[PDB]
Amino acid sequence: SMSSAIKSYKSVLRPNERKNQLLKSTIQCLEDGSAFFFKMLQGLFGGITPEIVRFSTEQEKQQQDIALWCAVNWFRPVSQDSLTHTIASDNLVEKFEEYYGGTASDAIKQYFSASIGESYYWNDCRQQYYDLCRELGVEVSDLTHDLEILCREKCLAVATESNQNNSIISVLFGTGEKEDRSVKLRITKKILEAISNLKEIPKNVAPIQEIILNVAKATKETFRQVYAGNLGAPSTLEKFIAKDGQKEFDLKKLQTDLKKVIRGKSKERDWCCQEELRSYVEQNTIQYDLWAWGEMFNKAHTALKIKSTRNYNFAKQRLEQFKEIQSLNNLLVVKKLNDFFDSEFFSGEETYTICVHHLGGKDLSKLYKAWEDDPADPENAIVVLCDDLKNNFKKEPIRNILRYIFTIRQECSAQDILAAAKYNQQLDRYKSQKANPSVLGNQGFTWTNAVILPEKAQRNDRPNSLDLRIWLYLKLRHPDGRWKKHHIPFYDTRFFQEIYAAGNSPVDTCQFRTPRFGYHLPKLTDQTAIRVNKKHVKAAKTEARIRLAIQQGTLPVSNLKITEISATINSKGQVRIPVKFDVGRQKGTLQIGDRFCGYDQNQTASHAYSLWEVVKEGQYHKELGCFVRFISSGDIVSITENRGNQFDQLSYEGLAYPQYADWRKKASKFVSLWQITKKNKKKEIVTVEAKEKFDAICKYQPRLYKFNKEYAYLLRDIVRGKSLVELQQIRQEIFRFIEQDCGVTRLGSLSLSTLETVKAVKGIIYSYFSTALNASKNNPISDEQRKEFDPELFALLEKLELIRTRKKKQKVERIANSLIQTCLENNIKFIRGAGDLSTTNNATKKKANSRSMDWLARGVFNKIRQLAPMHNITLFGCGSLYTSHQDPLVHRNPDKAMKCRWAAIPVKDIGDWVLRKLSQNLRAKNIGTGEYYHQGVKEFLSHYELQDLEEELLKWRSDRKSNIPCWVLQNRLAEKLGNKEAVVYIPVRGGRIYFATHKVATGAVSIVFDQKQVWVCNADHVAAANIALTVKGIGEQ
RNA sequence: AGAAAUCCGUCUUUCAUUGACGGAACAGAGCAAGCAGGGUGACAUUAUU
DNA sequence: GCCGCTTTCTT
DNA sequence: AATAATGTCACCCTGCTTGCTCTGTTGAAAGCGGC
DNA sequence: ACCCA
Ligand SMILES: [Mg+2]
């Protein structure tokens, strides 16, 4: 089978005033018709029966809840605009049972008990269906009969069975001549009876073709006429007759197809209310037009069906969450846990939900055992817990809660305490959970065959300026009600460059004239002579480069074979153009010669890729069941040049320290002039010279962008206590920092550090507004107040946020492009990546959550997933569980293999942070990764002959003054490695070195460490290799 | 069928009328968190009397 | 063959 | 025994901000009559 | 576990 993809383009229409009136009026007409279809289909779907759902559900492998599918169509949370029969939440179960003739399911209970937003109210759509029957003047059962026909013909979507596009318009209201269904039904059943009791099953299709022709009394040239009356798209049976007599025959496939045809054409389309419905629609919309009625129907039907499907799934998920909540409801331990706030440790006035992460989670057990281990005197067992449970990611537990839980350890078990906390937060999430309202929405309308084909375009090409217009030929509705086609232009130099410009190449032939699809435009020259308005030069440049290419006979012509292009337009005049293109044949399973890759996402370092190949002989991998060979690894990079100099937009950290003295200087000059104020417990003002903080920032010689982020924090600190008068000089300093020289509005890469810098600058302006307007708990301040006080600076707030948004969008796009070019350059057909990565949650520290919000791991994954099929590259999502620590080609080849990560530190640079990490890893005698870090330190001590230090390391605590200082350990390693510049390998979490069994990273070199031969590899490249060699899917397998 | 238009964006103490470059989009609903001030409440380190 | 309409299609 | 510096953790508030997921859409393929 | 001082 032939796999394809979709690219799209997007711009704004530029009609003249007359055609603009026509277009806006037509769109308003379509929108009014869409609203009418929305209300009417709301009622119609309120009319469905359990039989209709059963018939639409019957052939589905997963069993379906017919009652829930009825409920999500009979009762809908809605906006005021489609609210016709308001029903109180209290009577939902009663009225549902009345309609269903049976007691409500528990999932339906959960659907009805769910919260809905402020502006949505429950609507009884079955009552609306009854009133619609009255409005049409037809009996309820007659409209139900027509509804059965519509759902049977797939004109409407019911449950898991989707609609067939907009065929409802042609089927119910069409003016033309229909199929002869009885002929088809009879022929189909007699061939199925001719083909289900064969005494020999042929391996080719020819005897079957002969049987079908004999059954239909037809030849191969007449079969379409005989079977379908020459009407409609070719059926499965026609295509079967058409194929070469030598193709392999699939009996089960053909029988399945014939069964579908028999099922779908066993009954007539014998309408009862066809003409009433058609008069109703024509009266409440416009006169019959298949396309316009289709557009109205599409908008309304899509809205309703997505909401009802979502509510079905949501109700089932809600029932499961409720069952879980009811299981953990041990109810006396729950109340002891929550009696904390009434106990004598909570000295506060405002309570909060006690969560599992407030209790140290799993590790609570350890605390428990210590209490029964060393009772009566607890407290230091509490702090050993807390101190061993510090992370830069996880929220740390609350002391007073642990203290209080000592008081009830004898009766409430750790099992049940954690169960109670989990119950707490689950219940909280469950009361908050909201059902989904049905709303028409703001989607635009699609004109079919809307774009003038590029070869038929009307070009007013000047020798020094190409015609850059693309014209739509749209049907528009005039005030008298007649339709007429009109020409409307628009500009899109991307669409012009990739598709629309006329190509004149003898041999160049490509899908899209863009670098990632293999085409590079020729460069401009000194004889190019661009002279346009400034706000047009970039677009102009593109035009020029196309002109030159046509001038050289070098511009390729699109090989896409476009016969029609649609255009989607909204009320704002925006136009969207989709282009479907074939990407090639659907790949089979891995064979020898297929190349695959994996990629690793990081936030302070580059993303990494690892490229592998399936081979005939060599390294066997059990999980893959084949021989593999490592090709190469690399950093994911997106480089642009400035007058010869290269910059990686994804990772550039800015100028080195000695390079930005002047900038630094001005900051210094400002900060000498100011102090930082602060309020003492006893309220009193305490000041500090603000320049000490600046010196602390400078001492470690940061690069420009970290320096700007830290200086932004310092400016925010300076702003805090000031008067209105002080805030004005500080304001000139703020503007100068933001806009001149190296401020964020002029300099900054796409790196994570730059995004954090911009957010810190926004923090400065926020603090300025809060200080100026005297914000407090008793005086919340607002945006209107902020704009009233200082519109310029408020506008910067918005501008900085827009800068961040554009940076992140560009960065996701560039990361995906870089990986895709790596794959295309190395003929990689398979990409594999973590669909697992964290976003944010309560149990995580706020700073980690904020960084993850700027990290966009999910966005990068989704972008790779969007781009890869455009080159017939298959992406698989996988779990990231332990992918930073597995030993490539050893792990699960055949058993688990894991090692810690390492850092290369000069012996010189080994401080107390190193000793802290050594001590901490040496007590890391725990499950998970810590095992491997404990091992690590062991090897370290063995490799550097530092066993005698071990005990000093185990007692190293960040408080102790008896701690072994760092210079002992530096002196020992200097003794042994010869000098103070010598690299020492220290086992550290997040280290960039991995000691690998095999050469699994480009540039890795072999060493012997603790008498084991190992490859010193980029740890991120190793993680990418692990991801590449993963085979089991995200959830489990 | 009407000569205009950056389609949307990125980088650089370099801002470019020949600098180097990147991108399927859209709608609604829902979920998750962040920030600035202001408050509460634990702990730790410094020192001291 | 184009344009604009119809219909059926289980790929 | 405290008081106070300075610093790290958590938990609230009002009003603003963004990332991500769900369920979809942007039709396919043939013949007709009038040009 | 991913993410990192
Ligand atoms: Mg990594």
# chains A, B, ... in the order shown; residues from 1 in each chain; ligands from 1
call {"tool": "interface_residues", "arguments": {"of": "chain A", "to": "chain D", "cutoff": "6 Å", "atoms": "only C-alpha atoms (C1' of nucleotides)", "output": "PDB file with N, CA and C atoms, in the first residue's frame"}}
result
ATOM      1  N   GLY A 232     -21.567   5.693  -9.900  1.00  0.00           N
ATOM      2  CA  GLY A 232     -20.813   5.781  -8.666  1.00  0.00           C
ATOM      3  C   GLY A 232     -19.361   5.367  -8.800  1.00  0.00           C
ATOM      4  N   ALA A 233     -18.650   5.499  -7.682  1.00  0.00           N
ATOM      5  CA  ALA A 233     -17.265   5.067  -7.618  1.00  0.00           C
ATOM      6  C   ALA A 233     -17.189   3.544  -7.717  1.00  0.00           C
ATOM      7  N   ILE A 306     -17.503  14.774  18.103  1.00  0.00           N
ATOM      8  CA  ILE A 306     -16.307  14.743  18.941  1.00  0.00           C
ATOM      9  C   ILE A 306     -16.695  14.885  20.407  1.00  0.00           C
ATOM     10  N   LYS A 777      -2.380  40.729  49.678  1.00  0.00           N
ATOM     11  CA  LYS A 777      -3.492  39.788  49.750  1.00  0.00           C
ATOM     12  C   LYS A 777      -4.828  40.513  49.840  1.00  0.00           C
ATOM     13  N   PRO A 780      -5.525  42.730  45.628  1.00  0.00           N
ATOM     14  CA  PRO A 780      -5.124  42.163  44.334  1.00  0.00           C
ATOM     15  C   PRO A 780      -5.194  43.227  43.248  1.00  0.00           C
TER      16      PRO A 780
END
call {"tool": "interface_residues", "arguments": {"of": "chain A", "to": "chain E", "cutoff": "6 Å", "atoms": "only C-alpha atoms (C1' of nucleotides)", "output": "VMD selection string"}}
result
chain A and resid 837 880 to 882 990
call {"tool": "write_last_selection", "arguments": {"atoms": "N, CA, C and O atoms", "output": "short mmCIF file (atom, residue, chain, number, x, y, z; two decimals), in the first residue's frame"}}
result
data_model
loop_
_atom_site.label_atom_id
_atom_site.label_comp_id
_atom_site.auth_asym_id
_atom_site.auth_seq_id
_atom_site.Cartn_x
_atom_site.Cartn_y
_atom_site.Cartn_z
N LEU A 837 8.15 11.25 28.44
CA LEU A 837 8.83 12.22 29.27
C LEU A 837 7.86 13.07 30.09
O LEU A 837 6.72 13.32 29.69
N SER A 880 11.05 5.65 28.53
CA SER A 880 12.38 6.13 28.88
C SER A 880 12.89 5.51 30.17
O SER A 880 13.90 5.96 30.71
N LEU A 881 12.21 4.47 30.67
CA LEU A 881 12.54 3.84 31.94
C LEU A 881 13.93 3.21 31.88
O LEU A 881 14.13 2.20 31.21
N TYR A 882 14.88 3.84 32.57
CA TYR A 882 16.27 3.41 32.71
C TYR A 882 17.10 3.57 31.44
O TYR A 882 18.21 3.02 31.37
N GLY A 990 23.46 12.49 36.31
CA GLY A 990 23.48 13.46 35.24
C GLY A 990 24.83 13.71 34.63
O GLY A 990 24.98 14.67 33.86
#
call {"tool": "interface_residues", "arguments": {"of": "chain B", "to": "chain A", "cutoff": "6 Å", "atoms": "only C-alpha atoms (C1' of nucleotides)", "output": "ChimeraX atom specification"}}
result
/B:1,5-7,11,13,17-18,20-25,27-29,33-34,36-38
call {"tool": "closest_atom_pairs", "arguments": {"of": "chain A", "to": "ligand 1", "cutoff": "10 Å", "atoms": "only C-alpha atoms and all ligand atoms", "output": "CSV"}}
result
residue,atom,partner,partner_atom_place_in_ligand_line,distance
A:599,CA,ligand 1,1 (Mg),9.2
A:600,CA,ligand 1,1 (Mg),5.6
A:601,CA,ligand 1,1 (Mg),5.8
A:602,CA,ligand 1,1 (Mg),5.0
A:603,CA,ligand 1,1 (Mg),8.3
A:604,CA,ligand 1,1 (Mg),9.5
A:605,CA,ligand 1,1 (Mg),8.0
A:606,CA,ligand 1,1 (Mg),8.7
A:607,CA,ligand 1,1 (Mg),7.5
A:608,CA,ligand 1,1 (Mg),7.8
A:883,CA,ligand 1,1 (Mg),8.5
A:884,CA,ligand 1,1 (Mg),6.2
A:885,CA,ligand 1,1 (Mg),9.7
A:990,CA,ligand 1,1 (Mg),7.7
A:991,CA,ligand 1,1 (Mg),9.2
A:992,CA,ligand 1,1 (Mg),8.2
A:1018,CA,ligand 1,1 (Mg),9.5
A:1019,CA,ligand 1,1 (Mg),6.9
A:1020,CA,ligand 1,1 (Mg),4.4
A:1021,CA,ligand 1,1 (Mg),7.8
A:1022,CA,ligand 1,1 (Mg),8.4
A:1023,CA,ligand 1,1 (Mg),6.0
A:1024,CA,ligand 1,1 (Mg),7.8
call {"tool": "write_last_selection", "arguments": {"atoms": "N, CA, C and O atoms", "output": "compact mmCIF listing (two decimals), in the first residue's frame"}}
result
# COMPACT_ATOMS: atom_id res chain seq x y z
N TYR A 599 16.71 8.71 19.54
CA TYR A 599 17.19 10.02 19.97
C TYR A 599 16.87 10.29 21.44
O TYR A 599 15.85 9.84 21.97
N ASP A 600 17.76 11.05 22.08
CA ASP A 600 17.70 11.38 23.50
C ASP A 600 17.52 12.89 23.66
O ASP A 600 18.25 13.67 23.04
N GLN A 601 16.56 13.27 24.49
CA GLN A 601 16.27 14.67 24.79
C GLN A 601 16.90 15.06 26.12
O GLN A 601 16.75 14.35 27.12
N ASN A 602 17.56 16.19 26.12
CA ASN A 602 18.14 16.82 27.30
C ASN A 602 17.73 18.26 27.39
O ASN A 602 17.22 18.76 26.48
N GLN A 603 17.95 18.92 28.48
CA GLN A 603 17.57 20.33 28.54
C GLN A 603 18.76 21.28 28.64
O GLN A 603 18.71 22.36 28.04
N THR A 604 19.83 20.93 29.35
CA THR A 604 21.00 21.80 29.39
C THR A 604 22.09 21.39 28.41
O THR A 604 23.07 22.12 28.25
N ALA A 605 21.95 20.24 27.74
CA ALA A 605 22.87 19.82 26.69
C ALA A 605 22.08 19.56 25.42
O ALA A 605 20.85 19.55 25.41
N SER A 606 22.81 19.34 24.33
CA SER A 606 22.17 19.08 23.05
C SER A 606 21.43 17.75 23.08
O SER A 606 21.75 16.84 23.85
N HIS A 607 20.39 17.65 22.25
CA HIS A 607 19.78 16.36 21.98
C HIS A 607 20.75 15.49 21.19
O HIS A 607 21.57 15.99 20.42
N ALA A 608 20.65 14.18 21.38
CA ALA A 608 21.57 13.26 20.74
C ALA A 608 20.82 12.27 19.87
O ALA A 608 19.67 11.92 20.15
N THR A 883 16.62 4.32 30.45
CA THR A 883 17.35 4.45 29.20
C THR A 883 18.62 5.28 29.32
O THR A 883 19.40 5.33 28.36
N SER A 884 18.85 5.95 30.45
CA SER A 884 20.10 6.66 30.66
C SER A 884 21.18 5.80 31.30
O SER A 884 22.32 6.24 31.41
N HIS A 885 20.85 4.57 31.71
CA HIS A 885 21.78 3.75 32.47
C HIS A 885 22.00 2.36 31.90
O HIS A 885 22.90 1.66 32.38
N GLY A 990 23.46 12.49 36.31
CA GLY A 990 23.48 13.46 35.24
C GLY A 990 24.83 13.71 34.63
O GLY A 990 24.98 14.67 33.86
N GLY A 991 25.83 12.89 34.95
CA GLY A 991 27.13 13.04 34.33
C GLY A 991 27.07 12.75 32.84
O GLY A 991 26.25 11.97 32.36
N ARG A 992 27.94 13.37 32.11
CA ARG A 992 27.98 13.26 30.70
C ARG A 992 28.88 12.16 30.15
O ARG A 992 29.03 12.01 29.01
N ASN A 1018 30.08 9.55 25.35
CA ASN A 1018 29.07 10.55 25.67
C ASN A 1018 27.83 9.85 26.22
O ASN A 1018 27.23 9.02 25.53
N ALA A 1019 27.47 10.17 27.46
CA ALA A 1019 26.37 9.46 28.12
C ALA A 1019 25.05 9.64 27.38
O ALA A 1019 24.22 8.73 27.34
N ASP A 1020 24.85 10.77 26.72
CA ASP A 1020 23.66 11.08 25.99
C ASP A 1020 23.61 10.32 24.69
O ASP A 1020 22.61 9.93 24.27
N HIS A 1021 24.73 10.13 24.07
CA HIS A 1021 24.80 9.24 22.91
C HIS A 1021 24.46 7.81 23.31
O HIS A 1021 23.78 7.09 22.57
N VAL A 1022 24.91 7.39 24.50
CA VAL A 1022 24.58 6.06 25.00
C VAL A 1022 23.08 5.94 25.23
O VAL A 1022 22.46 4.91 24.92
N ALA A 1023 22.47 6.98 25.81
CA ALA A 1023 21.02 6.97 26.00
C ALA A 1023 20.28 6.89 24.67
O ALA A 1023 19.28 6.18 24.54
N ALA A 1024 20.77 7.63 23.67
CA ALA A 1024 20.17 7.56 22.34
C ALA A 1024 20.28 6.15 21.76
O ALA A 1024 19.34 5.65 21.13
call {"tool": "select_by_dssp", "arguments": {"residues": "stretch 914-952 of chain A", "states": "alpha helix (DSSP H)", "output": "list in words"}}
result
residues 914, 915, 916, 917, 918, 919, 920, 921, 922, 930, 931, 932, 933, 934, 935, 936, 937, 938, 939, 940, 941, 942, 943, 950, 951 and 952 of chain A
call {"tool": "write_last_selection", "arguments": {"atoms": "N, CA and C atoms", "output": "JSON list (two decimals), in the first residue's frame"}}
result
[["chain", "number", "residue", "atom", "x", "y", "z"],
["A", 914, "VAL", "N", 31.75, 17.55, 45.12],
["A", 914, "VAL", "CA", 32.17, 16.21, 44.72],
["A", 914, "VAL", "C", 32.13, 15.25, 45.91],
["A", 915, "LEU", "N", 32.66, 15.69, 47.05],
["A", 915, "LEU", "CA", 32.66, 14.84, 48.24],
["A", 915, "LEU", "C", 31.24, 14.56, 48.71],
["A", 916, "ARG", "N", 30.36, 15.56, 48.60],
["A", 916, "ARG", "CA", 28.95, 15.37, 48.92],
["A", 916, "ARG", "C", 28.34, 14.28, 48.06],
["A", 917, "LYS", "N", 28.59, 14.34, 46.75],
["A", 917, "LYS", "CA", 28.01, 13.35, 45.85],
["A", 917, "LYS", "C", 28.61, 11.97, 46.08],
["A", 918, "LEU", "N", 29.91, 11.89, 46.37],
["A", 918, "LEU", "CA", 30.52, 10.60, 46.69],
["A", 918, "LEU", "C", 29.90, 10.00, 47.95],
["A", 919, "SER", "N", 29.79, 10.79, 49.01],
["A", 919, "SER", "CA", 29.19, 10.30, 50.26],
["A", 919, "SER", "C", 27.76, 9.85, 50.03],
["A", 920, "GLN", "N", 27.00, 10.63, 49.26],
["A", 920, "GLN", "CA", 25.59, 10.35, 49.06],
["A", 920, "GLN", "C", 25.38, 9.10, 48.21],
["A", 921, "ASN", "N", 26.17, 8.94, 47.16],
["A", 921, "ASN", "CA", 26.10, 7.73, 46.36],
["A", 921, "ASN", "C", 26.57, 6.52, 47.16],
["A", 922, "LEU", "N", 27.50, 6.72, 48.10],
["A", 922, "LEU", "CA", 28.01, 5.60, 48.89],
["A", 922, "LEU", "C", 27.01, 5.15, 49.97],
["A", 930, "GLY", "N", 20.10, 3.82, 42.33],
["A", 930, "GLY", "CA", 21.10, 4.05, 43.36],
["A", 930, "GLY", "C", 22.08, 2.91, 43.50],
["A", 931, "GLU", "N", 21.59, 1.67, 43.36],
["A", 931, "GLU", "CA", 22.45, 0.49, 43.31],
["A", 931, "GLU", "C", 23.69, 0.78, 42.46],
["A", 932, "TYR", "N", 23.45, 1.20, 41.22],
["A", 932, "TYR", "CA", 24.54, 1.41, 40.27],
["A", 932, "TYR", "C", 25.43, 2.58, 40.66],
["A", 933, "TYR", "N", 24.89, 3.58, 41.35],
["A", 933, "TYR", "CA", 25.76, 4.64, 41.82],
["A", 933, "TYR", "C", 26.58, 4.19, 43.02],
["A", 934, "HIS", "N", 26.01, 3.36, 43.89],
["A", 934, "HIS", "CA", 26.79, 2.82, 44.99],
["A", 934, "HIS", "C", 27.99, 2.05, 44.45],
["A", 935, "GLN", "N", 27.71, 1.09, 43.56],
["A", 935, "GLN", "CA", 28.75, 0.40, 42.80],
["A", 935, "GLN", "C", 29.78, 1.38, 42.27],
["A", 936, "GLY", "N", 29.30, 2.47, 41.65],
["A", 936, "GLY", "CA", 30.22, 3.41, 41.04],
["A", 936, "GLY", "C", 31.28, 3.87, 42.01],
["A", 937, "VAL", "N", 30.86, 4.31, 43.19],
["A", 937, "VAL", "CA", 31.83, 4.89, 44.11],
["A", 937, "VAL", "C", 32.82, 3.82, 44.53],
["A", 938, "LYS", "N", 32.31, 2.60, 44.75],
["A", 938, "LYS", "CA", 33.17, 1.46, 45.03],
["A", 938, "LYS", "C", 34.28, 1.38, 44.00],
["A", 939, "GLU", "N", 33.91, 1.30, 42.72],
["A", 939, "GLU", "CA", 34.92, 1.20, 41.68],
["A", 939, "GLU", "C", 35.87, 2.38, 41.76],
["A", 940, "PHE", "N", 35.32, 3.58, 41.97],
["A", 940, "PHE", "CA", 36.15, 4.77, 42.11],
["A", 940, "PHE", "C", 37.21, 4.56, 43.18],
["A", 941, "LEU", "N", 36.78, 4.15, 44.38],
["A", 941, "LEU", "CA", 37.73, 3.99, 45.47],
["A", 941, "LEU", "C", 38.74, 2.90, 45.14],
["A", 942, "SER", "N", 38.30, 1.84, 44.45],
["A", 942, "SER", "CA", 39.24, 0.79, 44.08],
["A", 942, "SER", "C", 40.20, 1.28, 43.01],
["A", 943, "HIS", "N", 39.71, 2.08, 42.06],
["A", 943, "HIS", "CA", 40.56, 2.43, 40.93],
["A", 943, "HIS", "C", 41.64, 3.42, 41.32],
["A", 950, "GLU", "N", 37.23, 5.50, 52.95],
["A", 950, "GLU", "CA", 35.82, 5.23, 52.67],
["A", 950, "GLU", "C", 34.95, 5.72, 53.81],
["A", 951, "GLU", "N", 35.36, 5.39, 55.03],
["A", 951, "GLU", "CA", 34.54, 5.66, 56.19],
["A", 951, "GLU", "C", 34.41, 7.15, 56.38],
["A", 952, "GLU", "N", 35.49, 7.90, 56.14],
["A", 952, "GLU", "CA", 35.38, 9.35, 56.18],
["A", 952, "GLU", "C", 34.30, 9.84, 55.22]]
call {"tool": "closest_atom_pairs", "arguments": {"of": "chain C", "to": "chain A", "cutoff": "9 Å", "atoms": "only C-alpha atoms (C1' of nucleotides)", "output": "tab-separated table"}}
result
residue	atom	partner	partner_atom	distance
C:6	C1'	A:176	CA	5.8
C:7	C1'	A:232	CA	4.9
C:8	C1'	A:232	CA	4.0
C:9	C1'	A:233	CA	5.4
C:10	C1'	A:260	CA	6.5
C:11	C1'	A:236	CA	7.0
call {"tool": "residues_around", "arguments": {"residues": "residue D:33", "least_positions_apart": "5", "cutoff": "12 Å", "atoms": "only C-alpha atoms (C1' of nucleotides)", "output": "list in words"}}
result
residues 3, 4, 5 and 6 of chain C
call {"tool": "write_last_selection", "arguments": {"atoms": "C-alpha atoms (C1' of nucleotides)", "output": "short mmCIF file (atom, residue, chain, number, x, y, z; two decimals), in the first residue's frame"}}
result
data_model
loop_
_atom_site.label_atom_id
_atom_site.label_comp_id
_atom_site.auth_asym_id
_atom_site.auth_seq_id
_atom_site.Cartn_x
_atom_site.Cartn_y
_atom_site.Cartn_z
"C1'" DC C 3 -17.00 22.51 -16.08
"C1'" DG C 4 -20.21 21.65 -12.82
"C1'" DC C 5 -23.49 18.55 -11.49
"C1'" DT C 6 -24.84 13.80 -9.88
#
call {"tool": "atom_distance", "arguments": {"atom1": "atom CA of residue A:997", "atom2": "atom CA of residue A:887"}}
result
6.8 Å
call {"tool": "select_by_dssp", "arguments": {"residues": "stretch 766-922 of chain A", "states": "strand (DSSP E or B)", "output": "number ranges by chain"}}
result
A: 828-834, 844, 874-878, 886, 898, 901-906
call {"tool": "write_last_selection", "arguments": {"atoms": "N, CA and C atoms", "output": "JSON list (two decimals), in the first residue's frame"}}
result
[["chain", "number", "residue", "atom", "x", "y", "z"],
["A", 828, "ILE", "N", 18.04, 6.50, 7.15],
["A", 828, "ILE", "CA", 17.35, 5.94, 8.31],
["A", 828, "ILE", "C", 15.86, 5.88, 8.00],
["A", 829, "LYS", "N", 15.27, 4.70, 8.18],
["A", 829, "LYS", "CA", 13.85, 4.50, 7.93],
["A", 829, "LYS", "C", 13.02, 4.42, 9.20],
["A", 830, "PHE", "N", 13.65, 4.27, 10.36],
["A", 830, "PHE", "CA", 12.95, 4.11, 11.62],
["A", 830, "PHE", "C", 13.57, 5.04, 12.64],
["A", 831, "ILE", "N", 12.74, 5.85, 13.29],
["A", 831, "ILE", "CA", 13.14, 6.68, 14.41],
["A", 831, "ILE", "C", 12.42, 6.17, 15.64],
["A", 832, "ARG", "N", 13.10, 6.16, 16.76],
["A", 832, "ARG", "CA", 12.44, 5.73, 17.98],
["A", 832, "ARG", "C", 12.84, 6.70, 19.08],
["A", 833, "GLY", "N", 11.84, 7.07, 19.89],
["A", 833, "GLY", "CA", 12.02, 8.14, 20.86],
["A", 833, "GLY", "C", 11.05, 8.00, 22.01],
["A", 834, "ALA", "N", 11.40, 8.64, 23.12],
["A", 834, "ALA", "CA", 10.60, 8.51, 24.33],
["A", 834, "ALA", "C", 9.30, 9.28, 24.20],
["A", 844, "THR", "N", 6.30, 17.60, 42.03],
["A", 844, "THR", "CA", 7.57, 18.11, 41.54],
["A", 844, "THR", "C", 7.78, 19.53, 42.03],
["A", 874, "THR", "N", 9.20, 5.88, 9.75],
["A", 874, "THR", "CA", 8.30, 5.44, 10.81],
["A", 874, "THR", "C", 8.89, 5.80, 12.17],
["A", 875, "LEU", "N", 8.10, 6.49, 12.99],
["A", 875, "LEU", "CA", 8.50, 6.82, 14.35],
["A", 875, "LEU", "C", 7.74, 5.94, 15.33],
["A", 876, "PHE", "N", 8.48, 5.34, 16.26],
["A", 876, "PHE", "CA", 7.90, 4.60, 17.37],
["A", 876, "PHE", "C", 8.19, 5.31, 18.68],
["A", 877, "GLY", "N", 7.15, 5.43, 19.51],
["A", 877, "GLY", "CA", 7.31, 5.92, 20.86],
["A", 877, "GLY", "C", 7.62, 4.76, 21.80],
["A", 878, "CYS", "N", 8.49, 5.04, 22.77],
["A", 878, "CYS", "CA", 8.95, 4.03, 23.71],
["A", 878, "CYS", "C", 9.07, 4.65, 25.09],
["A", 886, "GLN", "N", 21.22, 1.93, 30.92],
["A", 886, "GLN", "CA", 21.43, 0.63, 30.30],
["A", 886, "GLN", "C", 22.74, 0.60, 29.53],
["A", 898, "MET", "N", 23.15, -2.56, 33.76],
["A", 898, "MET", "CA", 23.05, -1.14, 34.06],
["A", 898, "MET", "C", 24.25, -0.68, 34.85],
["A", 901, "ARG", "N", 26.37, 6.85, 35.79],
["A", 901, "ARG", "CA", 26.97, 7.84, 34.92],
["A", 901, "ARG", "C", 28.13, 8.53, 35.61],
["A", 902, "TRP", "N", 28.99, 9.15, 34.81],
["A", 902, "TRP", "CA", 30.27, 9.65, 35.29],
["A", 902, "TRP", "C", 30.51, 11.06, 34.80],
["A", 903, "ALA", "N", 31.39, 11.76, 35.51],
["A", 903, "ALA", "CA", 31.86, 13.08, 35.11],
["A", 903, "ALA", "C", 33.38, 13.12, 35.14],
["A", 904, "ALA", "N", 33.94, 13.88, 34.21],
["A", 904, "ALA", "CA", 35.39, 14.06, 34.08],
["A", 904, "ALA", "C", 35.75, 15.40, 34.70],
["A", 905, "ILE", "N", 36.26, 15.36, 35.92],
["A", 905, "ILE", "CA", 36.53, 16.55, 36.73],
["A", 905, "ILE", "C", 38.04, 16.67, 36.86],
["A", 906, "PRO", "N", 38.65, 17.83, 36.65],
["A", 906, "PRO", "CA", 40.06, 17.97, 37.02],
["A", 906, "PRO", "C", 40.24, 17.83, 38.53]]
call {"tool": "atom_distance", "arguments": {"atom1": "atom CA of residue A:854", "atom2": "atom CA of residue A:735"}}
result
24.6 Å
call {"tool": "residues_around", "arguments": {"residues": "residue B:49", "least_positions_apart": "3", "cutoff": "12 Å", "atoms": "only C-alpha atoms (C1' of nucleotides)", "output": "PyMOL selection string"}}
result
chain D and resi 1-4
